[PDB]
Amino acid sequence: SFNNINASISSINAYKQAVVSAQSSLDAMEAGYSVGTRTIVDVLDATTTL
Amino acid sequence: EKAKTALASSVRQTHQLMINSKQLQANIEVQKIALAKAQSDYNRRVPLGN
């Protein structure tokens, strides 16, 4: 049980980092679409990943 | 008759230069289009960098 608690902590940290990365990618994709360099399928895919 | 033929030849030749002008104008148009493309591309990309 003790080892399981520790593993849970580490996994939480990893998932937070992943969330931040996905948010950055979505922001990039949205800005590109706003300036007209990208379609709306890319925006929807980024939203799904987030 | 020799002189008349010479005059005809010269008048024909001067026309070849008057048309090369239009050719070079078309080339200028192509270059303007390319510059416009590059400028549009950069204006699209600038906000993302900020």
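Chains as they are written, first to last, in the UniProt record's numbering: chain A, 352 to 401; chain B, 102 to 151. Ideal placement from N, C-alpha and C gives every residue a C-beta, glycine not left out.
For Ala109/B and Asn121/B, I'd like the C-alpha separation in whole angstroms. The residue labelled residue 109/B in the question sits at position 8 within the second sequence. The residue labelled residue 121/B in the question sits at position 20 within the second sequence. Rounded to whole angstroms, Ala109/B to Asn121/B spans 19 Å at the Cα level.
Can you pull the chain B residues whose beta carbon is under 9 Å from the beta carbon of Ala379/A, in chain order? If you number the first sequence from 1, residue 379/A lands on position 28. Residues of chain B whose Cβ lies closer than 9 Å to the Cβ of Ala379/A are, in chain order, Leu149.
If you run the structure through DSSP and keep just helix, strand and coil, what is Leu118/B? Walking along the second sequence from the start, residue 118/B turns up at place 17. Three-state result, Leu118/B: helix.
Residues in the stretch 371-398 of chain A with C-beta within 9 Å of chain B's C-beta atoms, listed in sequence order? Those residues of the stretch 371-398 of chain A that come within reach of chain B (Cβ to Cβ, closer than 9 Å) are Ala379, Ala382, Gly383, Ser385, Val386, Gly387 and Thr388.
Using the three-state DSSP reduction, which class does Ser359/A fall into: helix, strand or coil? One-based indexing of the first sequence puts residue 359/A at position 8. Of the three classes helix, strand and coil, the one that applies to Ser359/A here is helix, per DSSP.
With 7 Å as the threshold, decide whether the Cβ of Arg113/B is near any Cβ in chain A. In the second sequence, residue 113/B corresponds to position 12, counting from 1. So, not an interface residue.
Over what stretch of residues does the alpha helix (DSSP H) that includes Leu395/A continue unbroken? Mapped onto the first sequence, residue 395/A falls at position 44. Run containing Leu395/A: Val392 to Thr400, per the alpha helix (DSSP H) assignment.
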